[PDB]
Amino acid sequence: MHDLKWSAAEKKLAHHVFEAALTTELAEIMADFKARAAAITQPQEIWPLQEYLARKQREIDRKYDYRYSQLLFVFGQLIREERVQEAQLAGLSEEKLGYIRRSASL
């Protein structure tokens, strides 16, 4: 809940970085899911798979919050996870980058 003004260039650059990170992570999840599915030998084993999928959807939902008021926190958190690099967001304002860096400290 950072109420700053975003330029068109800022929303464009943010969209590119958000998408790149989300795409990479979802690819990872899809590969893991498929692996787990293939490894199933007994019907009851579908249960733990559903537990995984639920946890992953919730995780993604919370982490990839595409609301501008939240994007500085999101980016910081992705930088902390090493899914985004600060260089990718250099076009954003210095104010924004400061907030992102602080968010990468939580």
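Note that residue numbering follows the sequence shown and begins at 1.
Novice: Look up the CA B-factors in the entry and say which stretch, 1 to 9 or 97 to 105, has the higher mean.
Specialist: 1 to 9 has the higher mean C-alpha B-factor.
Novice: Going by the average Cα B-factor in the PDB entry, point out whether 26 to 34 or 50 to 58 comes out higher.
Specialist: Between 50 to 58 and 26 to 34, it is 50 to 58 that shows the higher mean C-alpha B-factor.
Novice: Rank-wise, by C-alpha B-factor, drop residue 41 into the lowest, middle or highest third of its chain.
Specialist: Highest third.
Novice: Within this chain, which third does the Cα B-factor at residue 89 fall in: lowest, middle or highest?
Specialist: For residue 89, whose C-alpha B-factor we compare with every modelled residue in the chain, the answer is the middle third.
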